[PDB]
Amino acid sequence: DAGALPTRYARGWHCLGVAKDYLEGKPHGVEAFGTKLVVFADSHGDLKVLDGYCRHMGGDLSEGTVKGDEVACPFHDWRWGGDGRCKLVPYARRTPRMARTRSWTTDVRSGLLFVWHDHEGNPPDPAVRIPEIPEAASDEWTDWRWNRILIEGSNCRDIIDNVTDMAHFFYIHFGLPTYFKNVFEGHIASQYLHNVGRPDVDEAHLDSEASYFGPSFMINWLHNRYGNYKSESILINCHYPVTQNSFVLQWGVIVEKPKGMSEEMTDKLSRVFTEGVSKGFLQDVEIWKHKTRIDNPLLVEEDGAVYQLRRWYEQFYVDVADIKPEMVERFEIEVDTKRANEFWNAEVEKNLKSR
């Protein structure tokens, strides 16, 4: 087909992007989780998210203004708090008693705004809180260079399978994976990789840890050496669903700044390092934009733990009380890359000799 669409959105923290982009004193609209949301900061700078359409007569709160700690609807100026409470009908004798719209719980981590989603309507388990990335604040590192695209005709689950995919590193990312291991446990699914650049594409040695913390947000630590020169990168791979067949895919890059040369040159290099990582990610995007998901895939041993990863991902789409132990218990596997590398080295060699 392949695969009945999910009937709920995933339970978890979803990143909506860089926090400071949701400030500038105004509210902002975001289409997400089958609805429209309004994001706004109160007078203390703390960020809030509500259902976007006013509970009075359907005005678009995202196109209103911020007055104090509330968002004012552009239609009749009703004031809504970050907790969803109707704080004031400015022209009325009586503001409604205990009126509320839906509030979405927020979090700011590493200069990124997150929103909690749960079909069951329960608040975040503190155990799944998205980790701080100290390097974001550190002035030894750049600040987020962020991107976003809308992908249509695809569900967001269609990109999670990359976690278990060893062989695509050769064909898509033009490198030779000499080490590959997955670990799934609780709310975290991880990929550990050693990757060597291909001689036949113009060598680099990459060590990569990448972990999804919950269903939608992956931090990828990139430790690359090109001879003796080490470089350090952190890449965010994240998304949020718009509908069950469209989603917003976002990536953000920071790099350790080279220490030290002219400020002007440090910038020039850091731009190259960043752009490089982004082109790496864009290689995956191109495949994601031009593929379908296969629910009943044809698999070889080298595919690794496709079924187990998907089983892990299922935990976010069932009620917490129905989470099965096989979704969350520690599972690990190392994929043997030896034979693939012998074959690939031959392909690489054949290509060099050929010119």
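For every residue, the number given is its place in the sequence shown, counted from 1.
K.L.:
How many missing residues of the deposited sequence lie between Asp202 and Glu203 in the entry, grouped as none, 1 to 3, 4 to 9, or 10 or more?
P.N.:
Missing residues, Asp202 to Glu203: 4 to 9.
K.L.:
Mean C-alpha B-factor higher for 260 to 268, or for 103 to 111?
P.N.:
Higher mean C-alpha B-factor: 260 to 268.
K.L.:
For the C-alpha atoms alone, is the average B factor greater in 246 to 254 or in 224 to 232, going by the entry?
P.N.:
On average, C-alpha B-factors are higher across 224 to 232.
K.L.:
Based on what the PDB entry reports, which of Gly276, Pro74, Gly186, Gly197 has the top C-alpha B-factor?
P.N.:
Among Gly276, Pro74, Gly186, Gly197, the PDB entry lists the largest C-alpha B-factor for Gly276.
K.L.:
Check the PDB entry and point out which of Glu140, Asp118, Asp161, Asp83 has the largest C-alpha temperature factor.
P.N.:
Within the set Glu140, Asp118, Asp161, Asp83, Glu140 shows the top C-alpha B-factor.
K.L.:
Sorting by Cα B-factor within the chain, modelled residues only, which third would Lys338 end up in: lowest, middle or highest?
P.N.:
As the PDB entry reports it, the C-alpha B-factor of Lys338 lands in the middle third of its chain.
K.L.:
By the record's CA B-factor, is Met166 among the lowest, middle or highest third of residues in the chain?
P.N.:
Middle third, going by the recorded CA B-factors of the chain.
K.L.:
Lowest, middle or highest third of the chain for the C-alpha temperature factor of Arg145?
P.N.:
For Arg145, the deposited C-alpha B-factor lands in the highest third.
K.L.:
Could you place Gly12 in the lowest, middle or highest third of its chain by Cα temperature factor, using the values in the record?
P.N.:
Lowest third - that is where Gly12 ends up once the chain's C-alpha B-factors are sorted.
K.L.:
Relative to the other modelled residues of the same chain, rank the CA B-factor of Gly64 and answer lowest, middle or highest third.
P.N.:
CA B-factor rank for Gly64: middle third.
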